[PDB]
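Heads up: the structure comes next, in structure tokens.
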Amino acid sequence: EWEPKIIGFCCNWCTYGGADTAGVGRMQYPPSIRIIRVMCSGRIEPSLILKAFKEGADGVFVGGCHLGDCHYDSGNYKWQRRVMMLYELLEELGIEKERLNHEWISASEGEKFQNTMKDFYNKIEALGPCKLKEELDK
Amino acid sequence: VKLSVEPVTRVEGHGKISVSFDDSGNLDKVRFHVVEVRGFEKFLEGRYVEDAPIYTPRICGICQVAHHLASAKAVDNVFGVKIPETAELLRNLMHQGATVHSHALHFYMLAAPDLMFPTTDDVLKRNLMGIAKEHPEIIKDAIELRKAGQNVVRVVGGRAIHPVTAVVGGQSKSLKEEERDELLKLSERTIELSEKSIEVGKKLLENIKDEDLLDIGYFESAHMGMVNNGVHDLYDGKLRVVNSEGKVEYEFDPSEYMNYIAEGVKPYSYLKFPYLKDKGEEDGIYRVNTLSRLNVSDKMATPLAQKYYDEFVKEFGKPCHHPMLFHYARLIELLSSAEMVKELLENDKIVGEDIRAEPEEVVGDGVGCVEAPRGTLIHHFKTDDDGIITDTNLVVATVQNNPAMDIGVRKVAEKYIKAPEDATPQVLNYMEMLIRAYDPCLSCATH
Amino acid sequence: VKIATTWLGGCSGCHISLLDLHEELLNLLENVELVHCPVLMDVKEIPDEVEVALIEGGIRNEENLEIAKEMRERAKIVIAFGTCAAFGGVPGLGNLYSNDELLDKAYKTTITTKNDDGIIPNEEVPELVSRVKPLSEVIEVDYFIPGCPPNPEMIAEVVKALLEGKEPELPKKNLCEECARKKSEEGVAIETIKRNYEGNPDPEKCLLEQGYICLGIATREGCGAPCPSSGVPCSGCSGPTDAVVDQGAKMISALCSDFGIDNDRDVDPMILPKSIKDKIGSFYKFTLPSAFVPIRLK
Ligand code: NFU
Ligand code: SF4
Ligand code: SF4
Ligand code: SF4
Ligand code: FES
Ligand SMILES: [Fe+3]
């Protein structure tokens, strides 16, 4: 009767490749997520995540290269500082910290991506729908 | 039959008057309603205490300085810090500059149109444009007073509206010798215009007296105001309350305000109804600002103001309960503040560099009090060991004249309205004249 | 030219800034035809055929909504007058609590309050709207004058342009352009984060490089940067630039990016969230209602 709406942000060099590898390997995972491609996770900033919740996201996922393996050397280190503040800002706004998920997944790690998608879907499904859009549409 | 005056014009904020009649056609219920509320007391919870002087000024755009300083003081108590003398003087200078602008604003741009045209039908004439069209000299002077006051606020406070220099332990910047010199030179003109203003008021209140309008909304109540050794003071001292006969009932430190003041809640207005706790809802009614302060004070702190106050006291006595004479007292205060701006600028300590004292350990309780141009202003904050606000309470000036404004409008209707036909545009404006006498700031009062 | 003004969930500060034109206000009022202005005149209803309308304040109660809608129908050009109208303003922080919590504090639990039956004023007073909203969320706004309050010269410049038929143009850059504080040529690097009362700030060096959360970097110019020049950080009262929707989000991004940039790979990413104990109040003082997440879920 209700299926989570999850948006994803994946870097072109690793997680986007990781996600493709899951597909090549037919690694089935829940169909809630919809991935947006960026070149680096360093491109990801608070406004992209907050915009997603505004639009009605039940969960927001972000995937970048392993720390130290960014195709652009240190893009993910900036995103890591940005996401930690964002977790706390979401709690201050009444959004469960768990509705945001960030992971480091390389292009070959298809199994990790599959399992991260499985685990995240279950997490959001258990939390139920994020009632922000319904609250705003009043 | 039910009539409604909405919005009440030439007042700050959202107010309205209802006038109901019974089936026979006789006057039934007359009430004053305030239709706004933002809830500053609750949303300040969770905020940084040192950020209170940034949020409270946004309670009102006219008396923002009063809130900035009241918050600064409370915050200075939250941190066990006593600010340096130069900071106390800069804060007071900002406070007097602000009072000149607020009093000039109210008298000339909000009150004067009625005092000048009390029985007109031309609604388009009852405003500063109508006054400027026949007496431009009056509006030019109002503007020059306002500009002078706001200039002081801008120089000492950083911004003419929503100042920012009153920080934890004092001021963020000092007043430079050149700035001081420029302001002191301009101060003499502000006093001259303030003296002239008192005469414009005498003339206009004489016109009000000729139309039997000087006694509108009359009732006797207690009066509260801040005094420093019994002398009129808008920045420091203790809060004094005199009874309807002029006897001093209480004299207390603003930090003990909760033991003397109480605020009742009526279902027809977002504005509370305060009263003296010991006396009650009816026997404890008190008023604040201008006349109420003159009434509690032994004397004025400045000489020119003292002379007009002496002349007024001999002619109208002490205490004076006339709502319409609040206009007169407002002019005496416009002059005292103008005189004080000069006095403070002449005090060599104003240009000192010892403007800040280093904040001490956080004490989770702090009360800030100043006499805003519309009455006693109290900001009370409670915080955690981190200095994050956990609870707040604001007793904002005009809220204390709400009982007076609600009684007063009823009394105007009782005097001029028997049947609905009697409620003519001029009579309805008489009700708004009583409201305006108290110089209400409804955004302030509700916060 | 029939001009009109009204005020909603604000504080009158924008109207006072209009009056801070002083001598120039009379010159303006001789050119324009003021047909409605609650603070200055007694015309009770908004008349029809209004050419330009200045609407102060954001949407806080049911009546604000009715007035906004009425002014939109009577006026050819609607102007969100000031930060409250444009971005929601300081009252917008009320969105962190339920309307019941804001009202229960003011009319029940405040220390001085005496309310026996425990009632919330509900007779002849309007109900509060679910959340504070910028004027553009309920009606179509043609232009806007940012600032809390907007400087008097800016108000005149905008009104003047509209009377001439010209389209008004606001400044585009961020505040550091106007700020007189010196910046490091090597770029910004933040070592620690201090609350405004911590330490004694250097009067010449940029407050952001000194560890204070200064919003000038994420705030539109025009005010003249009076706050940093006065010794305190910018609180972001003019709102974001035209290229930034959420000011707070961009400010956090910038702040997190430069925090410990000289030790980029080893700096602890938990120092910053552990240090800022009031995130919303630090980044959304004047713009919470215009943010992507403009409320707190309860
Ligand atoms: N004067 C004043 Fe305010 Ni706008 C009121 N009433 C504040 O304390
Ligand atoms: S933008 Fe600022 S000055 Fe203008 S109404 Fe809002 S709080 Fe007042
Ligand atoms: S103090 Fe603020 S406005 Fe000034 S240069 Fe630094 S960040 Fe920019
Ligand atoms: S410096 Fe910042 S807080 Fe100060 S007036 Fe300008 S925009 Fe507002
Ligand atoms: S490229 Fe994958 S994180 Fe920078
Ligand atoms: Fe209160």
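Here, each number is a calculation from the coordinates, and none is a lab measurement. Cβ: placed from backbone, ideal geometry, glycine included. Neighbour counts: every protein chain shown.
Laid out as a table, the results:
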| quantity | calculated |
| --- | --- |
| ³J(HN,Hα) computed for each position of the stretch C:190-203 - Karplus, 6.51 cos²θ - 1.76 cosθ + 1.60, integer Hz, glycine/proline x | 10, 8, 8, 10, 10, 7, 3, 7, 6, x, 10, x, 5, x |
| Amide H partners (placed H, <5 Å) of residue B:264, local residues excluded | B:273, B:275, C:114 |
| Cα-based helix-to-principal-axis angle, B:85-104 vs chain B, degrees rounded to 10 | 20 degrees |
| Choice from C:250, C:285, C:274 showing the highest fluctuation, given a GNM over chain C with Cα pairs closer than 10 Å | C:274 |
| Partner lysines for residue C:44 [C-alpha distance under 19 Å; skip if fewer than 8 residues away on the same chain] | B:2, B:16, B:125, C:2, C:69 |
| Hydrodynamic radius (Kirkwood) for chain A, which is based on Cα pairs only, to one decimal in Å | 15.0 Å |
| Mean residue ellipticity (222 nm) of chain C, computed from DSSP H runs ≥ 4 via -39,500 (n - 2.57), nearest 500 | -7500 deg cm²/dmol |
| Restricting the stretch A:53-138 to chymotrypsin sites (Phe, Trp or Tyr not before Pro) in coil, as DSSP defines it, with at most 11 other Cβ within 10 Å | none |
| Sequence of B:23, B:141, B:422 once ranked by neighbouring C-beta atoms within 10 Å, starting from the fewest | B:23, B:422, B:141 |
| For the stretch A:4-10, 3J(HN,Hα) per residue [Karplus equation, 6.51 cos²θ - 1.76 cosθ + 1.60, θ = phi - 60°, Hz, x = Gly/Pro] | x, 9, 10, 10, x, 9, 10 |
| Neighbour cut-off at most 12 other Cβ (10 Å), DSSP loop, GluC sites (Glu not before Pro), the stretch C:108-216 | C:123, C:127, C:140, C:169, C:185, C:186, C:204 |
| Where Rh is the Kirkwood radius over Cα pairs, Rg/Rh for the protein assembly as shown | 1.00 |
| All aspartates and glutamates inside 12 Å of residue B:415 as judged from Cα atoms, apart from same-chain residues fewer than 8 positions distant | B:212, B:215 |
| Shape of the stretch B:193-261, Cα gyration tensor, a/c cut at 1.5 | oblate |
| Likely footprinting exposure, C:154, C:251, A:39, fewest C-beta neighbours within 10 Å first | A:39, C:154, C:251 |
| Between 0 and 90°, nearest 10: helix B:136-157 axis offset from chain B longest Cα axis | 30 degrees |
| The stretch A:74-118: GluC sites (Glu not before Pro) in DSSP loop, at most 16 other beta carbons within 10 Å | A:96 |
| Theoretical ellipticity at 222 nm over chain A - DSSP helices of four or more residues, -39500 (n - 2.57) apiece, nearest 500 | -14000 deg cm²/dmol |
| Value at 222 nm in deg cm²/dmol, rounded to 500, when DSSP H runs of n ≥ 4 in chain B each add -39,500 (n - 2.57) | -13000 deg cm²/dmol |
| For chain B, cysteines whose Cβ has no other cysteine Cβ within reach (under 4.7 Å) | B:63, B:320, B:369 |
| Out-of-range pairs (alpha-carbon distance over 26 Å; input B:202/B:299; B:382/C:183; B:82/B:272; B:147/B:185; B:29/C:105) | B:382/C:183; B:82/B:272; B:29/C:105 |
| C-alpha center-to-center spacing [the stretch C:150-212, the stretch B:90-122] in angstrom | 33 Å |
| Environment charge at residue B:194 (Cβ cut-off 10 Å; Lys +1, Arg +1, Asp -1, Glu -1) | -3 |
| Choice from B:136, B:118, B:373 showing the highest fluctuation, given a GNM over chain B with Cα pairs closer than 10 Å | B:136 |
